[PDB]
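We just call them A, B, C, D, E, F, G, H, I and J in the order they show up, numbering each chain from 1.
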Amino acid sequence: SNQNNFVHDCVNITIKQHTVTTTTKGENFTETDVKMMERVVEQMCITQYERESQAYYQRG
Amino acid sequence: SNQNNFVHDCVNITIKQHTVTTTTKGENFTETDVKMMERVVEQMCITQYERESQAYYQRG
Amino acid sequence: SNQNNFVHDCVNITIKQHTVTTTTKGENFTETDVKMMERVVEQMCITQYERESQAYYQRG
Amino acid sequence: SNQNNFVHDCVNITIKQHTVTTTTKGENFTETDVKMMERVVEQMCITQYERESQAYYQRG
Amino acid sequence: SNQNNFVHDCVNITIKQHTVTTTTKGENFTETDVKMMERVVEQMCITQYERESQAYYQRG
Amino acid sequence: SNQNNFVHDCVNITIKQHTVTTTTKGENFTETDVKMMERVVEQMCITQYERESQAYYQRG
Amino acid sequence: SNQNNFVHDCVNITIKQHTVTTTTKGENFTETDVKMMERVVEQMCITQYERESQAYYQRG
Amino acid sequence: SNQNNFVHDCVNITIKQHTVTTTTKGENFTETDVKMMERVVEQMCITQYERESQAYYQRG
Amino acid sequence: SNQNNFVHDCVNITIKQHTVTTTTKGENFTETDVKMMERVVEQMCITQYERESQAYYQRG
Amino acid sequence: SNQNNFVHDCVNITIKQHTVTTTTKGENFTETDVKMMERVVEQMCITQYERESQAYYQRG
């Protein structure tokens, strides 16, 4: 019973909360951001499988 | 019973909440953002399978 | 009983909530965004299968 | 009993809520957006199967 | 009992809610959007099957 | 040109306004009184003119 | 040209306003009184004129 | 040109305003009194004119 | 040109304002009094004019 | 040109203001009094004019 496994998980995130409360009372507010997840992933993942394979990354 | 597996998961996210409360009381508010997920993924994933394969990434 | 598997999951997201409450009481509000998911995915995924295959990415 | 599988899932999203309440009481509101999903997917996925195949992406 | 499968799912979304309430009481409202899904998908998916196949994407 | 004067003014009130504005906006109000004059005078004035005259006051 | 004067002014009040504004905005109000004059005068004035005159006051 | 004067002014009040503004914004108010004049005068004035005159005051 | 004057002014009050502003913003208020004149005068003035006159005052 | 004057002024008060501002912002207020004049006068003035006159005062 042969079995090969080639697993690739570039990103893996897990949030588990039970109670999330937020309050923004006040009088004079300007430019209020109450986000929860802004910019999570900005990745690159290739997973090449054979020879003479190349990969060029640049984030200038 | 041979079995090959080639799994590729570029992004994997899991949120599990039970109670989410938000409140924005006040008098003079300007430019209020109460988002929850703004820009999650901006990725690139290729998964090439054979030889002389190339990949060029650039995020200038 | 041979079996090959070539799985590719570029993005995978799961939200599970039970109670979501939001309130925006007040007097003078201007430009209020109460969105929940703004810009989730902006990706590119190719999954080439044979040789001399190329891929060019650019996000200038 | 041979069986090949070539699965490709470019995007996969699942929301499961039970109670969603929203309220926007007030007096003077201007430009209020209470959307839930604004711009989910902006992707490109190809899945080429043979040789000398190319793919050019550009998001200038 | 041979069986090949070539599955391609460019986008897959599932919403399951039980109670959705919305209220927009007030006095002076201007330009109120209470949409639920604004711009879901803006994609392109090709699934070419043979050699010397090309694909050019541009979102300037 | 004789002239006698026996003036008696028990109460004398004078209101002179130009603009009176009132507003009772809201959501959940209970037992709101917006009167202007509730119980002005509760007096007693006699002005007896001859001898062995008596006056008995009691506000128990 | 003889002239006698016997003036008696028990109470004398004069209000002179130009602009009176009132506002009672809110959400949950209970037992709100916005009166202007509640219990002005509770007096007693006699002005007896001859001898052996008596006056009995009691505010128990 | 004889002239006698017997002036008696038990109370004399004069209010002169130009702009009166009042505001009671909020969320949860209970037993709010915004009166202006509650209990002004509670007096007693007699002005007896002849002999063996008596006056009894008691504010128990 | 004889002239007698017997002036009696038990109380004499004069208010002269130009701008009166009041504000009671908040969230949880209980038993708020914003009166302006609560209990001004509680007096007694007699002005007897002849002999063997008596006056009894008691504020127990 | 004879002239007698018998002036009696038991109390004499004069307020002259130009701008009166008051503010009571907050969250949890209890038993707030913002009065301006609470208990001004509690006097007794007699002005007897002839002999064997008596006056009894008691403020127990």
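One rule holds for everything that comes next: a contact is a pair of C-beta atoms (placed from the backbone, for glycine too) under 8 Å apart; a residue touches a chain by one contact, two chains touch by 3 or more.
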{"item": "Shared interface numbering between chain D and chain C [over half = same, under half = different]", "value": "same"}
{"item": "Cα-centroid distance, chain D relative to chain I, in whole angstrom", "value": "75"}
{"item": "Chain G-chain I separation of Cα centroids, rounded to whole Å", "value": "10"}
{"item": "Numbers and ranges of chain B residues touching at least 2 other chains", "value": "1-60"}
{"item": "Graph class of chain-chain contacts, one of line, ring, star, complete, other", "value": "other"}
{"item": "Every chain pair in contact, whichever chains are involved", "value": "A-B, B-C, C-D, D-E, F-G, G-H, H-I, I-J"}
{"item": "Parts of chain G lying in touch with chain H, wherever the complex brings them together", "value": "1-60"}
